[PDB]
Amino acid sequence: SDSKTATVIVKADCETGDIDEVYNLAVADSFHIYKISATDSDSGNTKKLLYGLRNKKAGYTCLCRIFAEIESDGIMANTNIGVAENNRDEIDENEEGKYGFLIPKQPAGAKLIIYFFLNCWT
Amino acid sequence: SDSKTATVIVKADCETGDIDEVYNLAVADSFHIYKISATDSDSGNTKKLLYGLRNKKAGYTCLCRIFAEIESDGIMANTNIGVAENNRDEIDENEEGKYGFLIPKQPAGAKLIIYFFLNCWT
Amino acid sequence: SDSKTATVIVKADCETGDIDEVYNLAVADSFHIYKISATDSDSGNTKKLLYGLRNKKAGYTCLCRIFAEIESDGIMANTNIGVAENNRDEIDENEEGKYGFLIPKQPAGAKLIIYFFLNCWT
């Protein structure tokens, strides 16, 4: 039967990893997105930011694909993002997908914007 | 009551700032997008491109989130984009949100593609 | 009469060009996406990856806009993408749009993620 898709745009802080905003396209109670972990490399030149998305839709199985980009007021810093953890499989109800990003150290104030492309069905 | 979302993909010229195309996903009369300003830095190494989006939907209040990327036939130029003006707040009817981008000088022909993620309600 | 939009996220391999996954947002039989060509530059420092999208929707004419990004577990490589072939025009039934990308040589395992923004009508 029923099939649904949603796009959720998450703004997170590049220094603490904290989530600043969860912005739903067309869904707020259907998913829970949370910081799992934010660790510096011992060099301090990179940052590892790890997030989880939990399917909270009773009845539904979900797929999740992602895109992420650094949002910054400067233009001189490296903004490549390395993908680490990435759950490409089905995500049952109350199961989580984990999405990890390796980012270069950013200037103060820089943000990580993560786009979750959700495809769910019963 | 009613709630709506739209994605609008705008192609603008990196040298003049002029808008080449307003491409609506699922909306053409609901919004007006326009160049406000295009200024070189006195160094001439960067470009400041500023756009406005006006809510034209009678009854509706809107949120707007953005993504932008340089579209270019080369691969050797810096394509980092610095975010400047960015209206994250509610946008009432006939109110505008202003979105400003700091870009590096690009080779001839390069374009700025701006994605507007619109979430409107009554 | 009727009007429709779809987003299709394609994962392709940066070394062979092969398509790993066609991920439809809200469509699987409406379009066919295929590798046309993958060629090294004789320098071997760049890669030219060319794809076709065929409209398979009986009755429909389509527009297609694209976004592409390198998905990689590292952060040290150039990930600029040069746009080459790009069909901006109408695409009739069983007509194809061709989309070509110039990418820098990537580390093993790196992927090209192409986003097709489809707007179709009768």
Side-chain angles (χ1 to χ4, degrees), chain A residues 3-15 18-31 33 45-47 65-82 99 101-120, chain B residues 2-9 14 24-27 40-41 43-50 62-70 72 75 77-91 97-106 110 112-121:
Chain A
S3 176
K4 301 254 204 202
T5 57
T7 300
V8 187
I9 307 178
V10 172
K11 174 155 89 81
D13 185 83
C14 282
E15 186 31 60
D18 296 350
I19 289 180
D20 293 337
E21 176 181 76
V22 181
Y23 183 84
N24 309 295
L25 267 44
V27 182
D29 295 342
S30 284
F31 306 107
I33 306 157
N45 285 88
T46 63
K47 195 99 180 144
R65 300 291 173 278
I66 69 171
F67 171 64
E69 54 94 17
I70 305 277
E71 196 185 86
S72 168
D73 75 346
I75 58 159
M76 293 327 163
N78 179 4
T79 54
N80 286 346
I81 302 176
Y99 301 99
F101 305 95
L102 184 56
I103 71 167
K105 181 191 44 203
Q106 302 290 324
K111 303 303 184 175
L112 179 61
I113 313 297
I114 314 165
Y115 303 71
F116 299 83
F117 307 108
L118 287 157
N119 185 202
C120 304
Chain B
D2 179 75
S3 176
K4 301 254 204 202
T5 57
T7 300
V8 187
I9 307 178
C14 282
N24 309 295
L25 267 44
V27 182
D40 299 305
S41 73
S43 67
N45 285 88
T46 63
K47 195 99 180 144
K48 175 64 188 315
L49 300 181
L50 173 61
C62 295
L63 288 174
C64 193
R65 300 291 173 278
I66 69 171
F67 171 64
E69 54 94 17
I70 305 277
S72 168
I75 58 159
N78 179 4
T79 54
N80 286 346
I81 302 176
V83 185
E85 290 88 340
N86 192 327
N87 186 346
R88 294 155 176 297
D89 308 312
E90 296 190 6
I91 298 168
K98 300 195 301 297
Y99 301 99
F101 305 95
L102 184 56
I103 71 167
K105 181 191 44 203
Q106 302 290 324
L112 179 61
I113 313 297
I114 314 165
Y115 303 71
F116 299 83
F117 307 108
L118 287 157
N119 185 202
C120 304
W121 65 89

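Protein chains get the first letters and strands the later ones, always in sequence-line order, with residue 1 at the start of each.
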Quiz item: Within a radius of less than 6.0 Å around NZ of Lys48(B), do more than 12 heavy atoms belonging to other residues, nucleotides or ligands occur?
Solution: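 Yes, enclosed.
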Of the backbone (N, CA, C, O) and the side chain (C-beta and beyond), which part of [X] lies under 4.5 Å from a heavy atom of chain A, both, or neither?
{"X": "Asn119(B)", "answer": "both"}
{"X": "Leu118(B)", "answer": "backbone"}
{"X": "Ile81(B)", "answer": "backbone"}
{"X": "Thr46(B)", "answer": "side chain"}

Exercise. Check the angle between the aromatic planes of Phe67(A) and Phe67(B) and answer parallel, tilted or perpendicular using the 30° and 60° thresholds.
Key: perpendicular
Quiz item: Is the shortest heavy-atom distance from the side chain of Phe31(A) to the side chain of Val22(A) under 4.5 Å?
Solution: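 No, side chains not in contact.
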Practice problem: Kindly give the heavy-atom pair with the smallest separation between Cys64(B) and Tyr23(A), and that separation in Å. | Solution: N-OH, 3.9 Å
Quiz prompt | Nearest non-hydrogen partners of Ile66(B) and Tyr115(A), listed with the distance | solution = O-OH, 3.8 Å
Practice problem: Please look at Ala110(A) and chain B and tell me whether the side chain, the backbone, both or neither of the residue comes under 4.5 angstrom of a heavy atom of that chain. | Solution: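 Answer is neither: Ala110(A) stays 4.5 Å or more from chain B.
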Quiz prompt | Contact class of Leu25(A) relative to chain B, heavy atoms under 4.5 angstrom | solution =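 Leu25(A) touches chain B through backbone and side-chain heavy atoms alike.
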